[PDB]
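Student: The structure's right below; bear with me while I get my questions together.
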């Protein structure tokens, strides 16, 4: 089993630009047995190139595949919104590559931060959850730290990030701080501090038990 | 793997749409991909390991002797066919084994003028130009299209050991 | 046309067995090699195994040797994937793919051109539990719903039973330490909409046939 390395990990380009995606094998392979595949979020993969250069049926001509020996490159010129996805290479009957992700590059947008206290319906149970919403920001790189009574937290939070929006090409993050009812009622002030490129200073959205 | 620089021992090169092979002379049979010897009519103790057909030799059974195809060949009407080519139809051509493939696969190699039609299970039905790659370096020989396969033969004026 | 339909997924305890299948139609099944490709949640594609057209040649990835077994029945045009002693890392969507070639300019170029819809396998000792919905009361404001402690995936979240798709974000779920999934779903509306328009979220969880419609309203 050979090892295929794809570069870059995440490629951020604007529509209309040229995209170059690399796939390097640990050994040497015949170009007839190294194919390219495309996958949309939530969809099955789709073949792009029979072998290294033969476009599969229905694949637009702007997709071009080239490569020999250990170096293989998929070239996507004149990028369109439908082209931004995840791309894989595979040796036929062997392993895949780690995959290169194509993300739309747009204007830097700061996240609008919202914090949500645990509802009364949840406080009846033994656990409580305070949610921090980072909405419509770009790029996806962002940092969230919870501070209860001005104290950093760890092992009690989980984060999720939506796919890139098909409308404004932004990202959204959700951080949930799960604490028991005893530890929630024990303190008072809860806040999530957010750091992002679109913010000159980290923004804190706080609340107190009783609004 | 057969190439244009292959010397078919007691044979000659032919070309189809996707591969080259060696055809034997007269009633000779292929002992390997590039060598033709005489087929033994009946296997016994003296003709052990001797060719009895295309890609088949004499084996000893522990005491009798029979003619069996080489590993990876299936006998279909007394001729050895590659395993992954038994259930593969090609129409205007034949099925061949893709030697370089990581997985055992049968592919269609077509008569001159056809190519595997991806919209017809890769059978030989789509029209396609196949340029002759044969290097006919004998005296007054050239690549002629004979019965759907490329081969070396005499030119427009010469005919028949050396073309004259 | 060519069709690949997969079945055999579902929840199974750690160390259990499963038999996946892939029904093929629209082509001579026996002449094409078949493949299994899986993808764990949030991860990339991983080739599992490949079988030749006659089934006499089989190929396996190192990560699946020993446990997994690939086979085919050309009389029924069906591909199979037999597994025993399933590990927790086997949770993935399992696709089948047809392996064919395209003769382009002197060479036989191969690839997996036809894929199936994929069947989901889930290895866990957790039991099927319905979701519990909690409001996210707003103080353009933002409100949402918290779908907490459901199993297994997935849950479909809508707002006002449709007709509210602008500015909605249903975040991906996270696998909590207890083995239960939990995701949030928020929607942004102008502050001049609170108190005049009712906002409800429809959390439909098929594995338990649970549909909760929890309304969100500003706090007092």
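By Swiss-Prot numbering, chain B shows 23-84, 88-185, 190-193, in order.
The deposited model was determined using X-ray crystallography, 2.5 Å.
Cβ from N, Cα, C; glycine included.
Sharing the feature lines straight out of Swiss-Prot:
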DISULFID  B:65-B:80  disulfide bond
DISULFID  B:74-B:92  disulfide bond
DISULFID  B:94-B:105  disulfide bond
DISULFID  B:110-B:120  disulfide bond
DISULFID  B:115-B:133  disulfide bond
DISULFID  B:135-B:149  disulfide bond
DISULFID  B:157-B:168  disulfide bond
DISULFID  B:161-B:177  disulfide bond
DISULFID  B:179-B:192  disulfide bond
DOMAIN    B:30-59  domain 'EGF-like 1'
Student: Minimum Cβ neighbour count within 10 Å among the disulfide-bonded residues B:80, B:157: which residue?
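Tutor: It is B:157 that, of the disulfide-bonded residues B:80, B:157, has the fewest other Cβ atoms within 10 Å.
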Student: Where the model skips 4 residues between residue B:185 and residue B:190, what's the CA-CA distance in Å to the nearest whole number, could you check?
Tutor: 7
Student: Can you work out which residues elsewhere in the same chain, 6+ from the ends of the domain 'EGF-like 1' (B:30-59), have a Cβ less than 8 Å from its Cβ atoms?
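Tutor: 23-24, 72-79, 118-119, 121, 132-141, 149, 153, 155, 157-159, 168, 174-177.
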Student: Quick one: what's DSSP say for residue B:192 (disulfide bond), helix, strand or coil?
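Tutor: Coil, per DSSP.
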Student: Could you check which of the disulfide-bonded residues (B:65, B:94, B:110, B:177, B:179) sits closest to residue B:157 (disulfide bond), going Cα to Cα?
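Tutor: If we rank B:65, B:94, B:110, B:177, B:179 by Cα distance to residue B:157 (disulfide bond), first place goes to B:177.
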Student: Which site among B:92, B:110, B:161, B:192 has the most other CB atoms no more than 10 Å from its CB, taking these as disulfide-bonded residues?
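Tutor: Its Cβ has the most other Cβ atoms within 10 Å: B:110.
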Student: List the Cα distance (Å, whole number) between residue B:177 (disulfide bond) and residue B:149 (disulfide bond).
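Tutor: Cα of residue B:177 (disulfide bond) to Cα of residue B:149 (disulfide bond) measures 23 Å after rounding.
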Student: Where does residue B:120 (disulfide bond) sit in the DSSP three-state scheme?
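Tutor: In three-state terms, residue B:120 (disulfide bond) counts as strand.
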Student: Mind tallying the domain 'EGF-like 1' (B:30-59) by DSSP state, helix then strand then coil?
Tutor: 0 helix, 18 strand, 12 coil
Student: Across the 3 residues missing from the deposited entry, can you see how many angstrom lie between the CA of residue B:84 and the CA of residue B:88, as a whole number?
Tutor: 5
Student: Based on Cα coordinates, which of the following disulfide-bonded residues are within 10 Å of residue B:135 (disulfide bond): B:65, B:92, B:94, B:120, B:192?
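Tutor: Matched disulfide-bonded residues: B:120, sequence order.
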Student: Are there any residues at least 6 positions away along the chain from residue B:94 (disulfide bond) with a Cβ closer than 8 Å to its Cβ? List them or say none.
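Tutor: For residue B:94 (disulfide bond), the qualifying residues are B:75, B:77, B:78, B:100, B:105.
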Student: Does DSSP give residue B:115 (disulfide bond) helix, strand or coil?
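Tutor: Where residue B:115 (disulfide bond) sits, the three-state DSSP reduction gives coil.
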Student: Please identify which of B:74, B:135, B:179 has the densest Cβ environment, defined as other Cβ atoms within 10 Å, among these disulfide-bonded residues.
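Tutor: Ranked by Cβ atoms within 10 Å, first place goes to B:135.
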Student: Find the one among the disulfide-bonded residues B:80, B:110, B:161, B:168, B:179 whose C-alpha lies closest to that of residue B:149 (disulfide bond).
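Tutor: Answer for the nearest of the disulfide-bonded residues: B:110.
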Student: Once the DSSP letters are reduced so that anything not helix or strand counts as coil, what is residue B:94 (disulfide bond)?
Tutor: strand
